[PDB]
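For the numbers below, each heavy atom of this structure counts, side chains included, while hydrogens, waters and symmetry mates do not. To find a chain, count down the sequence lines: A is the first, B the second, and so on, and within it residues start at 1.
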Amino acid sequence: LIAXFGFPXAX
Amino acid sequence: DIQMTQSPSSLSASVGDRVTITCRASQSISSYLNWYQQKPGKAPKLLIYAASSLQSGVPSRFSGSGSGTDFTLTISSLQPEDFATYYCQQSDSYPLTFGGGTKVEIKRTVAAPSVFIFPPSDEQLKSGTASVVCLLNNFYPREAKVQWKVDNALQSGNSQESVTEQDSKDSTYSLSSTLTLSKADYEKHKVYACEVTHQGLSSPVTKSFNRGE
Amino acid sequence: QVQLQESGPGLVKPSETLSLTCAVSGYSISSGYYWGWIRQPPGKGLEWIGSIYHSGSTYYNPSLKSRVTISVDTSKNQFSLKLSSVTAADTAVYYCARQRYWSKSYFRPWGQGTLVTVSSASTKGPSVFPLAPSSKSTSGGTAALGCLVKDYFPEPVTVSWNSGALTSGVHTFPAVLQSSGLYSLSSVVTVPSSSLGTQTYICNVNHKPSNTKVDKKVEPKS
Amino acid sequence: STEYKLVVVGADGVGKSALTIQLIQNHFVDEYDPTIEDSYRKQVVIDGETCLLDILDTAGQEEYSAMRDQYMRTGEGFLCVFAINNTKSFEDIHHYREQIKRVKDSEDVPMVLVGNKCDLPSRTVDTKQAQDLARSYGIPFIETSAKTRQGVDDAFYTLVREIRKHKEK
Ligand SMILES: Nc1nc2c(ncn2[C@@H]2O[C@H](COP(=O)(O)OP(=O)(O)O)[C@@H](O)[C@H]2O)c(=O)[nH]1
Ligand SMILES: [Mg+2]
């Protein structure tokens, strides 16, 4: 859940 | 261009058999491979897209697999209606390219043909030509020998044959042989006969007519 | 719901230009999708010709590019193909089809296909003669009858029986090309011998390149 | 031959797929599947050096894939793309940069700011504000048109040069 979004779905 | 090579070019398999046809791409296309089914006189129809996704409505006996450069279409239980030529097509990039196709035919029990002979119509004969037709109906395998005899004399060079594509219900073939004579040659002979040889016939079958009777 | 249908001349002279149109229904070309042409020479495989987007953007088979013109008409909801300087190698069934995206997609649906023959010869309608049921037809068994469709050009002809009501046991043979340069075929059907004296059998023959429409009643000979 | 791993990020519809296809295959594409996130490979010559570019054309994904994870771990440079006629896409840029910094756990990730669709004379995004946003980040700003091809090589080649600058430092 690495944000800001940014790209959805980055964990 | 990305060349697509299908194998085998054709195969014969019994109803219920598992059938596997292969498609090879000249370079990787990931899963961007579609399979189309083409029946006689019809347009190709999408069966599988993205290497393994079954098109809605398509029977579950069809499946696709593979990635990169090697793909397979599998029919788990071949049905008579599956007689068709199957084509793969890469969708990765341009130009869009298709494989050369694989023709799938059904292997079934031997069935001798029903033979019929037809004289020329009076209208055609009056115009100067006599077409004499012999019909071999619903037989298997496709191999057949048809000879024309006029007053028991073997004809050569004056007949043409045509064969239907395999029937989608009973997996048989039908064949016509047409003898073309001038009105004069037709009117100076009496017995017109077609002699058929086929695996399902223990001895040749002859169908004949006598002109004017 | 979405239907595609090719139309255009079935005969083109060598060196001249082949023109076809695909009428689209159930979906608007202006809404999206790529709209393509694919061809199949008699007895051979499929060859992609080219595709176009509603914007006019066209993509081509490199071996045919110099001869191909693909166009769209969003108001009429059609798209077209022009193939110049045709030779006998361009004799083929031409199909239109659509795909959702430029790449990584699939063709669905396709038109029915339209045969185009490249030849210097003129059109000619067929003569239709009966293939009468034999007088020796087995009582209570199966009889055969049909129609001989002779001396026409180019392909194809369509044959139906009793207006399309009789389909079971019908075999319409692939045409053969005769020495005269004209095609010939027969269409047959097997029926119960007991029906010969009472049931009417008519073959309906249509040859669109010559506007020939022929109905021939096939009955036992007097 | 030197391998460079690049990642193309930006809001839906800015032209990531169009830029990638124009670079690799020399076609301008009107409608490429907006949901496809794929990797592409191209051998190009940049400043006399034979480069093998591995490019991830990103898209909205419901699942975090093994392919995306390779670029998360080993991706060397990012093109942060906005469209000059879509203010919201320019507003997303700072979020893309903030996220890339966290993903790489670094304040110094090779990056280029790309203002696409510059063939359209209609600009809703002030290109002076984009050049100042890039200056604030210490990165190059490149204008591109996937339609005319103007700036396309410049955007990707500048990113390769930023990667080289990072490797040597
Ligand atoms: N005029 C113009 N249109 C472009 C340009 N780049 C992309 N487009 C169009 O913008 C739309 C979205 O492009 P796409 O590549 O799918 O964007 P993505 O969602 O970021 O991959 C498409 O209709 C493209 O043809 C450009 O430079 N100029
Ligand atoms: Mg995209």
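- Applying the side-chain contact (heavy atoms from CB on, under 4.5 Å) rule to B/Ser77 yields the partners B/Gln79; only residues at least two apart in sequence or on another chain are considered.
- Contacts classified as salt bridge (charged side-chain N to carboxylate O under 4.0 Å, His left out) and involving residues 77-91 of chain D (residues at least two apart or in different chains) are given here: D/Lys88-D/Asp92.
- Sorted by first and then second residue, the pairs that involve residues 87-96 of chain B and meet side chain to side chain donor-acceptor pair (under 3.5 Å), not counting sequence neighbours, are B/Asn34-B/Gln89, B/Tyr36-B/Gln89, B/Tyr87-C/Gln40, B/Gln90-B/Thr97.
- In this structure B/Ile48 satisfies the side-chain contact (heavy atoms from CB on, under 4.5 Å) test together with B/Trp35, B/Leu54, B/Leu73, sequence neighbours excluded.
- Take D/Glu3 and apply the salt bridge (charged side-chain N to carboxylate O under 4.0 Å, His left out) test, not counting sequence neighbours, and it matches no residue.
- The list of salt bridge (charged side-chain N to carboxylate O under 4.0 Å, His left out) pairs with a residue in residues 28-51 of chain B, not counting sequence neighbours, is empty.
- D/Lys42 is linked by a salt bridge (charged side-chain N to carboxylate O under 4.0 Å, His left out) to nothing, counting only residues two or more places apart in sequence or in another chain.
- Remark: B/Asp70 pairs with no residue by the salt bridge (charged side-chain N to carboxylate O under 4.0 Å, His left out) rule, at least two apart or across chains.
- Atom SG of residue B/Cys23 and atom OH of residue B/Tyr86 lie 15.5 Å apart, to the nearest 0.5 angstrom.
- Every side-chain contact (heavy atoms from CB on, under 4.5 Å) that C/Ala92 has, sequence neighbours left out, goes to C/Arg39, C/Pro41, C/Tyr94.
- In this structure B/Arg24 satisfies the salt bridge (charged side-chain N to carboxylate O under 4.0 Å, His left out) test with no other residue, sequence neighbours excluded.
- Under the salt bridge (charged side-chain N to carboxylate O under 4.0 Å, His left out) criterion, the residue pairs touching residues 60-79 of chain C are C/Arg67-C/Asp90, with sequence neighbours excluded.
- Evaluation of the salt bridge (charged side-chain N to carboxylate O under 4.0 Å, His left out) test over residues 49-69 of chain B, restricted to residues two or more places apart or in two chains, returns B/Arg61-B/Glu81, B/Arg61-B/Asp82.
- The ring of C/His54 has its center no closer than 6.0 angstrom to the ring center of C/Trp35.
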